[PDB]
Amino acid sequence: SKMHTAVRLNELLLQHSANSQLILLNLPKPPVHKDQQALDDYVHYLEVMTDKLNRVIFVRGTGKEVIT
Amino acid sequence: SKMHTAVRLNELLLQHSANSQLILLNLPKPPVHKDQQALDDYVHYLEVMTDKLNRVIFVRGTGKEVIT
Amino acid sequence: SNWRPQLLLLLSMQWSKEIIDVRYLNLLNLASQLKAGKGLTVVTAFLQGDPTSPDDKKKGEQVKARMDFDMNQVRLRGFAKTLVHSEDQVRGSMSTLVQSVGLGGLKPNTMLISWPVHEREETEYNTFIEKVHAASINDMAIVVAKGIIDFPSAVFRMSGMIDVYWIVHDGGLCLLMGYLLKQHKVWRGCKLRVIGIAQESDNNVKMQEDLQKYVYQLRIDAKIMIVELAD
Amino acid sequence: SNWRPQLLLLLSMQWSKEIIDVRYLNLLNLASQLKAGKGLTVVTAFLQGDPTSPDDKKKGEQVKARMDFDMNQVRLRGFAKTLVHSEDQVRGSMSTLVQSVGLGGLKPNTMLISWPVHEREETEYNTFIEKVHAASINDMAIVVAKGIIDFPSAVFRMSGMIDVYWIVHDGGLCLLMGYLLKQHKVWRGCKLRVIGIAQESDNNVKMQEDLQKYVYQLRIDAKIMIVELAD
């Protein structure tokens, strides 16, 4: 279930990074076809995952970036 | 009346330029507030004015252009 | 100053892989004749579709690739871009494009468009005036070609007259455009003529003298002729 | 390659002459810390209004003049632009801006936006996902700052940890962003830590080794730590 995952991730993030100054995380692929319910659930999953963290940056690349 | 003017201008344009390769004319200021009737009449005035001319370029500057 | 037109073309016709639209090619030809191989012209096409759809993005790239090819064929130096917009969003898409074009680079100062193709039925025209308003509020001149299907391509050599009609205020812009066209081989064999239209108060003799001096100030070779409006 | 973020910021908050929005200033501060005085960042603000109205154009210039000033205050080099759009045209306006930005110049490769300000009520979010889709279909990375009201400005010197969470696929992009932030004085006193989250199949030892080598390939100084997902 998606909530199980978001909640477990929140547990880990708080266990290891509750006092960190900044957390960077992958931004999951957004939903398709602009279903109004699928949007509210996308946002909710991310809010649960990052509950009580003060500074978070989500990043999603094109996958084509070559850093080296 | 606007039609009188458009028709007289068409008469002049055809009298002097019916056989010209290209005619350049000022584009009048378009109507305001997107009134659907004021649009159809703007277009009609220009179509009457340029009736039977094959190649016409309308120009409207900002008035701030300095050509020299 | 030495103002010369830095062009932005806005195309809003349908695109198909089975046909090439001659009005579109002729508008590129007219731009190329104004620029004589110089400058950087921006040509934008608006394509109705889903702006988040991969298929429609692929279509937009094909149309951009055709525009790049056609601009090169007519020796129009510059850039092509295809904008995808939802049907009900065409107005904001066109206005925002005119606002956002030239960011961090040279901004166009002249919009070039064609007269609407179909006769008034009771859209194509509602787009047209939107474009006219967008030019002026973004400090651009606008140039509207009417009869573009009959305008000449590079294989033609026109001779005869190019007439500029000058009225009470206006400016030298029409005259400049004629002059630039006459610099291109397509129009080089044409004579340039400025026709002043006199009001009931102006005397024809002094209007002829004024336009003659003004044309001389612009360093443009043109014949001056005064016609009376009233009758 | 040596990919570094060439930023495009999209701002969609209300503008007033009586207040300065701190979330907006803090997003400029975050951009400036990523760029360390380098590059050319494009900052665009979307202003609801009549895009043919002189009054609204005057408002848009005032907002642009404020953005230029604020970007200079935070030492963010680049350009500001204010787009005016009708209320019902915001979607096409935002999508068309991301399509049309960089014409004839360097194109941004990264969009930077803030997490939506208000809680879900049953718009602000509908704009948000539109922005996410626009980045990816225009081949841009996207960076979303959540909690931006609490992010530091240039007067602060942060110490403690910057944690990057790494999962099965991802890429080195998160890690790069942390590294760039640590180059700025605001974050220079922070330690960088990469936390790998292990699946039930992966063994923790070999995931630690892989990330250690990868970080070394990137020439980034970071401590590696492996955490298990399941429980």
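Phi angles across segment D:2-7 convert, under the Karplus curve 6.51 cos²θ - 1.76 cosθ + 1.60 with θ = phi - 60°, into 3J(HN,Hα) values of 6, 4, 9, x, 9, 8 Hz, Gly and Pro given as x.
A straight Cα-to-Cα reach below 23 Å connects C:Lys185 with the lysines C:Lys35, C:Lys38, C:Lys146, C:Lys223, residues fewer than 8 places away in its own chain not being considered.
Among residues other than C:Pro5 with Cβ under 10 Å from its Cβ, the summed charge is +1 (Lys and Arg +1, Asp and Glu -1). With its label point defined 7 Å out from Cα along the Cα-to-Cβ axis, A:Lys64 lies at 3.8 nm from the matching points of the other copies, in increasing order. Annotation for segment C:1-53: trypsin sites (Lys or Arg not before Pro) lying in DSSP loop with at most 16 further Cβ atoms inside 10 Å of their Cβ are C:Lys17, C:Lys38. Legend: mean number of C-beta atoms from other chains within 10 angstrom of residue C-beta atoms, peptide D:167-173, equals 5.
For segment D:52-60, putting each phi into the Karplus relation 6.51 cos²θ - 1.76 cosθ + 1.60 with θ = phi - 60° gives couplings of 9, 8, x, 4, 5, 5, 4, 4, x Hz, in residue order, rounded to whole numbers and with x for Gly and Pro. Each residue, C:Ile20 and C:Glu228, gets one label point 7 Å from its Cα in the Cβ direction; the gap between the two is 5.2 nm. In nanometres and ascending order, the distances from the C:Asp50 label point to those of the other copies are 3.6 (point 7 Å from Cα along Cα→Cβ). Each of B:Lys2, C:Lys81, C:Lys59 has some number of other Cβ atoms within 10 Å of its Cβ, and from fewest to most they run B:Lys2, C:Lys59, C:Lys81.
Beyond 25 Å in Cα-Cα separation lie the following of the pairs A:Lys64/D:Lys81; B:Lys64/D:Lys81; C:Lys107/D:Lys57; C:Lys64/C:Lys191: A:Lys64/D:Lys81; C:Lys64/C:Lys191. Remark on segment D:159-228: ratio of C-alpha radius of gyration to 2.2 N^0.38 Å is 1.10. Among beta bridges from DSSP that stay inside the protein assembly as shown, the antiparallel ones total about 10%.
Our note on the geometry: Cα centres of segment D:97-147 and segment C:86-128, 24 Å apart.
Relative to the Cα centre, what is the charge dipole magnitude of segment D:7-150, using +1 at the beta carbon of each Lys and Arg, -1 at the beta carbon of each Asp and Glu, and rounding to the nearest 20 debye?
For segment D:7-150, the charge dipole is close to 780 debye.
Across segment D:77-85, rounded Karplus estimates of 3J(HN,Hα) from the backbone phi angles (6.51 cos²θ - 1.76 cosθ + 1.60, θ = phi - 60°) give 7, x, 10, 10, 9, 10, 9, 9, 9 Hz, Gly and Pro being marked x. Computed from the Cβ-Cβ distance with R0 of 35 Å, the FRET efficiency linking C:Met13 to B:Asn19 stands at 0.70. Averaged over the residues of C:78-86, the number of partner chain Cβ atoms lying within 10 Å of the residue Cβ comes to 4. Between D:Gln208 and D:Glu122, the FRET efficiency from the beta-carbon distance, with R0 = 51 Å, is close to 0.70. Here the label points at A:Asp40 and B:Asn54, each 7 Å from Cα along the C-beta direction, are separated by 6.5 nm in the simple model.
Shape analysis of segment A:2-59 yields a ratio of the Cα radius of gyration to the Kirkwood radius, Rg/Rh, of 1.00.
For the pair segment D:159-231 and segment C:174-231, the centres of their Cα atoms are 73 angstrom apart. The mean number of Cβ atoms from other chains found within 10 Å of a Cβ in peptide C:51-57 is 5, as a whole number.
Between the amide H of C:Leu47 and those of C:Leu83, C:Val84, C:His85, distances stay under 5 Å, these residues lying 5 or more places away or on another chain, with hydrogens modeled in the peptide plane. Protection proxy ranking of C:203-215, C:90-102, by the mean of other Cβ atoms within 10 Å over each peptide's residues and highest first, is C:90-102, C:203-215. From helices alone, chain C scores -12000 deg cm²/dmol at 222 nm; the rule is -39500 (n - 2.57) for each run of n ≥ 4 DSSP H residues, then divide by the residue total. Both numbers refer to the Cα atoms of chain D; Rg and Dmax are 19.5, 65 Å.
Seen from A:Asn19, the other residues with C-beta closer than 15 Å to its C-beta sum to a net charge of +2, counting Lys and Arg as +1 and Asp and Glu as -1. Between the C-alpha center of segment D:1-68 and that of segment A:14-68 there is a gap of 23 Å.
Each residue of segment D:1-61 gets 111 Å³ once the volume of the Cα convex hull is shared out per residue. The tail of the calculated P(r) for the protein assembly as shown, taken as Cα-Cα distances beyond 37 Å, holds 44 percent of the pairs.
Chain A holds its axis-closest Cβ, relative to the rotation onto B, at the residue and whole-Å distance A:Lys34, 14.
Which net charge results when you count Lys and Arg as +1 and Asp and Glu as -1 among the other residues whose beta-carbon is under 13 Å from that of C:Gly78?
Around C:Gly78, the surrounding residues sum to +4.
Within segment D:156-206, the chymotrypsin sites (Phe, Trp or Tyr not before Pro) that combine a DSSP coil assignment with at most 15 other C-beta atoms in a 10 angstrom radius are D:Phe156. Rounded to the nearest 20, the Cβ-based charge dipole of segment A:2-59 about its Cα centre (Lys and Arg +1, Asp and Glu -1) stands at 160 debye.
For neighbour counting, all protein chains shown are included, and Cβ atoms are generated from backbone atoms with ideal geometry for every residue, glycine included. Here, each number is a calculation from the coordinates, and none is a lab measurement.
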